[PDB]
């Protein structure tokens, strides 16, 4: 699931606070590296999960 | 308009299911091919 | 309006079909390998 | 040369009145011109010295304007160890005080550079960005510039939707698109890209199409297209005014097409003075439309929009354009306090539509009442106009 | 990740959050795709975001330190991720949903040693990436001789010697230490890993004297770090551009050494105090401190290649505040990128990126053009010319795609026989602005991609290949198709093992030779092909994507095949080949059905020469045959003039508007997608209905042929009865046609698609079936 970089991103997120599941953290890291806005990624993730 | 919006939501769900299966298949390919 | 939703449905039919086809092609490759 | 002569608003180090905005800069609008240089230092005191006050708040707003102009021009001279007791600069800023010579040389050159930057950005936005092409094509198609299109519609095309084919049928996408393309093709003036780009928007779906009141066909709303980031100065007022003008033109065209269909049904094979009543009703509407733009107001409106883009900030250019659009709408006396005038006109138009249906069938009473009510409402409107202006 | 990696990751995150409704997983995918910065470069409120993160961070200092370490390691999308994390922590619902979903998923489920390790790791990476490419191996005695290290070597009783004499001894000591030799009183000692030489001063010295000595000594410790860093970074495995950076550092160290020699000569002349010495050293001291900071930023994560070039551009931007720093950054960026940027220019200008250090932006991987011709994926397109967004500089980050495209285009021209070397290629040196390099790369791309396109068009004759394909797969040359049908009428109609593929090839060759298709220069390139399954079965299976019980015949499997040769093999793939083969098989089946209907009507003409009153049973059969033939002919004419013809016209027009390989691919793909959309290749039910109609026509033809054979000799279910079976077959075929028409009408109502309306008009021209279709709609 989470690759070395994806696990590193998840560990960075948890160090900043919050638990990103290895799939969720890998997906968020991919979205950030997908040439996308991290704030837009957060908004889409909130619309999906919280809604 | 609203019926088309509901169809868009249904197609979004269809793409969701198909692409979640696609992500699962990518996981299976990472587990098998490597 | 409704024109955007109609275009969304036309694109989304192909989107669901393409996701399913990509899954099927991946399944065929996995079964072969 | 980094933030004035390089017009950048990318300050996260708490040293500017400009805070880079991830969304305002990209979505070039009033939000861009507001917070592209977001208020990292709402007061630009924490941004620069007291000698930069010539363009200090100007720099704070200029980062945001550069973010608004970023999608078309973000990079330019506009947009994104001390010695021993060396008396030279000491006296230069001491005998003549520091801010004195600073404003004489730098802040004066700073103001000159800011003005040149604003002028260059405005010229780049207004020269060939197709933004004014959007307005021109809106006036050409959303307002039917070619008389051939209107004549073809009132002769052959204004058959189904003029009275209303069906709530669902008259809103068919493919048929409506074909009709719009045919109306553009019938005229060699609706060929503009924004003429075909005139799209469909709605607030209420079709509900009824009874050809008794003036409800003939008022569902479609013309929405042309413009360039981006020409929407830096995009406020809701100008778009709303354009949509309202298109809707009013559509209603007037519906009334005229109902009259044309009445005449056609009469000529296809108790009804006297119907054409006279129609002309009497149409005279004032034609006068108002010509006052809005006929041949002189047709250039006055263009000149007002020609001065719509002359500001150093997108908000001010938006204000000028919106003022021109509002003046064009006010030419027709579109005051919001005229809701009772709208009701009177609605009653008159319902009578007009009923009379058009009656004349299509073969009413004489409707025509006589139309003439009498035309005289009476003309007197009432004259009194109202005298009381208002 | 994959081509559908956006949708896959969106749905994977939606399922991870256990949220498939609300906005929707496809809603999140669309939000990411539509709202998306082209790169992680937008600025954020560093102070505000740090505070927001620290409000819920396990350690805000840890967050700041993690950011610093990530900057050392050249971690991507960290500040934007910080802003997104602050926003999400403000979003308690999104954060709570993610936390609950993660819980549910979890419940379900020395300096010398480090330098040697770094050199070994660099060598290992270079061996893994070089495919056996040899690299220089420096004598290990250089790295294994601590006496050969250039850093600071890593006294009389200060309470007894005179303060001036002690100061002079310490001055000699500091000249030695700053010159790489531990001093008498203050000596800079070994650094544990990446660090400077630690200065330990004698404690009995005068307070102010020792203080000023240490104040000057900061440059000495920084230089001991810089000399050790230069010696360590001088390893060849660190990179050729890294080698250039190390050489630049050594030259700067040499200039500082010249300054230190001047300082020793001035110490011989006695013209300073400790504070005056520090004052004179201040300019070079600041430069050395900046160099040490830059070296830490680079080597902490070993920024090498274009990652180091992006770091150099970022350093030039951070040095824009100080003009000397910005100018030195631009100059040193030019000097360092000269190797790397020249390789990038070689990659973009000649299609070959050469970097034994593996610091090239445009990469190449093993690919087969023959595989590109035979498989749907383009092996030559993807593997043979890859794009690595890790050796692309920040100044070249936006243009990494165009540079790699120019390189791939030059390589394709070379495969097309044109030696790739961009004549407008420019030497690439990193400065504060790579905008000029971007323009040069754009010109190099407009040269290389144009060269590849010209080779494919003129040299490779892609237009000639298209004409041959239209003649063979689409049967543009009707004479060849008629000849093939005539020769393979009894060969293809035979079973799979009963029809000789050699006989099929011979009949096709005879058709081409004895037909007008011999006029095509590439007419001989066509061959007979056999499908792995039935055309209708394949269409149904592909639509349902996520042969002992079905009759197999050579007529069913007959189709055209074409081989692709590079770079045309790198252009022609097997997905388009499969679509074209399916179209050819469908066209052959339709032509066979039309021929059978014509043959049935021709034998039905025997009643015209016979008495008209002894054809009562055959009257219905002849009428049904004529009606089916007319309906098939009208449908075929409409389809040929509206579905396939629009695809061919779109292909021609868009390829005429195509200037590069991507443009030509887009043109061909637009034509193919229009053909696929207009051919109704998405409904297996529609394919089954068409097969049912064709089978009904075939059964009616078989019954009529059996009746004709019986009449000539006199002079299954279809053959059992003459007119009743004909009536049943006509009813079934009409039902299948009506179902197809209803499905087409539904598609026209939903997708503005006028093809169904045109088909209805074509079949209901005389209103024989217009009323039937209208009644069946209700």
So residue E:677, is it out of contact with any helix residue (DSSP H, G or I) (no Cβ under 6 Å at 6 or more places or on another chain) and surrounded by 17 or more Cβ atoms within 10 Å (Cβ to Cβ) | yes
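Specify which of the listed residues (A:9, A:45, A:31) is more than 7 Å from every other protein chain (Cβ to nearest Cβ), surrounded by 24 or more Cβ atoms within 10 Å (Cβ to Cβ) and out of contact with any strand residue (DSSP E or B) (no Cβ under 8 Å at 6 or more places or on another chain). Full working, then the answer.
Values: A:45 fails: more than 7 Å from every other protein chain (Cβ to nearest Cβ); A:31 fails: more than 7 Å from every other protein chain (Cβ to nearest Cβ).
Among A:9, A:45, A:31, only A:9 is more than 7 Å from every other protein chain (Cβ to nearest Cβ), surrounded by 24 or more Cβ atoms within 10 Å (Cβ to Cβ) and out of contact with any strand residue (DSSP E or B) (no Cβ under 8 Å at 6 or more places or on another chain).
Kindly state which helices (runs of 4 or more DSSP H) lie completely within the stretch E:713-778 and contain at least 3 residues that are within 14 Å of chain D (Cβ to nearest Cβ) and touching a helix residue (DSSP H, G or I) at 6+ places or on another chain (Cβ under 8 Å). Give the steps one after another, and end with the answer.
Numbers: elements: E:717-720, E:724-750, E:755-763, E:770-777.
Answer list for the stretch E:713-778: E:724-750, E:755-763.
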Could you please find all residues in the stretch E:64-105 being at the interface with chain A (Cβ under 7 Å from one of its Cβ atoms), in a helix (DSSP H, G or I) and over 23 Å from residue E:39 (Cβ atoms)?
-> E:89, E:93, E:94, E:95, E:97, E:98, E:99, E:101, E:102, E:105
Which one is surrounded by the most Cβ atoms within 10 Å (Cβ to Cβ) among residues in the stretch C:5-33 that are more than 7 Å from every other protein chain (Cβ to nearest Cβ) and more than 21 Å from residue E:674 (Cα to Cα)?
-> C:25
Does at least one position in the stretch E:14-23 carry a residue that is assigned to a helix (DSSP H, G or I) and facing chain A (nearest Cβ under 7 Å)?
-> yes
Hey, does the stretch E:111-130 have a residue that's away from chain A (no Cβ under 14 Å), out of contact with any helix residue (DSSP H, G or I) (no Cβ under 8 Å at 6 or more places or on another chain) and not in a helix (DSSP H, G or I)?
-> no
Which one of these is within 7 Å of chain E (Cβ to nearest Cβ), farther than 16 Å from residue E:79 by Cα, in contact with a helix residue (DSSP H, G or I) (Cβ under 6 Å, 6 or more places away or on another chain) and surrounded by fewer than 20 Cβ atoms within 10 Å (Cβ to Cβ): A:15, A:19?
-> A:19
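In the stretch E:430-485, how many residues are assigned to a helix (DSSP H, G or I) and touching a strand residue (DSSP E or B) at 6+ places or on another chain (Cβ under 7 Å)? Give the derivation first.
From the stretch E:430-485, those assigned to a helix (DSSP H, G or I) are E:435-459, E:462-472, E:478-485; that's our starting set.
Retained after the next criterion (residues that are touching a strand residue (DSSP E or B) at 6+ places or on another chain (Cβ under 7 Å)): E:472.
Summing the residues that are assigned to a helix (DSSP H, G or I) and touching a strand residue (DSSP E or B) at 6+ places or on another chain (Cβ under 7 Å) in the stretch E:430-485 gives 1.
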Only unsatisfied item for residue E:326, checking (1) over 29 Å from residue E:128 (Cα atoms); (2) in contact with a strand residue (DSSP E or B) (Cβ under 7 Å, 6 or more places away or on another chain), is (2)
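Here's the yes/no breakdown for (1) more than 15 Å from residue E:422 (Cα to Cα); (2) crowded, with 23+ Cβ neighbours inside 10 Å:
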| residue | (1), (2) |
| --- | --- |
| E:350 | no, no |
| E:355 | yes, yes |
| E:365 | yes, no |
| E:374 | yes, no |
Within the stretch E:538-547, can one find any residue that is within 14 Å of chain C (Cβ to nearest Cβ), surrounded by fewer than 16 Cβ atoms within 10 Å (Cβ to Cβ) and not in a loop (DSSP other than H, G, I, E, B)?
-> yes
Restricting attention to the stretch E:24-42, the residues that are surrounded by fewer than 23 Cβ atoms within 10 Å (Cβ to Cβ), part of a loop (DSSP other than H, G, I, E, B) and touching a helix residue (DSSP H, G or I) at 6+ places or on another chain (Cβ under 8 Å) number exactly 5
Only residues that are outside any helix (DSSP H, G or I) and touching a strand residue (DSSP E or B) at 6+ places or on another chain (Cβ under 8 Å): list them for the stretch D:225-264, please.
-> D:225
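Applying the selection to the stretch E:515-537, what residues are assigned to a helix (DSSP H, G or I) and surrounded by 15 or more Cβ atoms within 10 Å (Cβ to Cβ)? First the steps, then the outcome.
Within the stretch E:515-537, the subset assigned to a helix (DSSP H, G or I) is E:516-519, E:523-525, E:535-537.
Correct list: E:516, E:517, E:518, E:523, E:525, E:535, E:536, E:537.
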Of the residues E:338, E:320, which is surrounded by fewer than 18 Cβ atoms within 10 Å (Cβ to Cβ) and closer than 30 Å to residue E:132 by Cα?
-> E:338
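Here is a list: E:170, E:156. Which entry is over 17 Å from residue E:223 (Cα atoms), in a loop (DSSP other than H, G, I, E, B) and in contact with a helix residue (DSSP H, G or I) (Cβ under 8 Å, 6 or more places away or on another chain)?
Working: E:170 fails: in a loop (DSSP other than H, G, I, E, B).
The conditions single out E:156.
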Of these, E:765, E:733, E:722, which one is surrounded by 14 or more Cβ atoms within 10 Å (Cβ to Cβ) and farther than 20 Å from residue E:685 by Cβ?
-> E:722
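Counting neighbours? That spans all protein chains shown, and the Cβs are built from the backbone with ideal geometry, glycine included. Each reported figure results from applying straightforward, stated rules to the coordinates on display, with no laboratory input.
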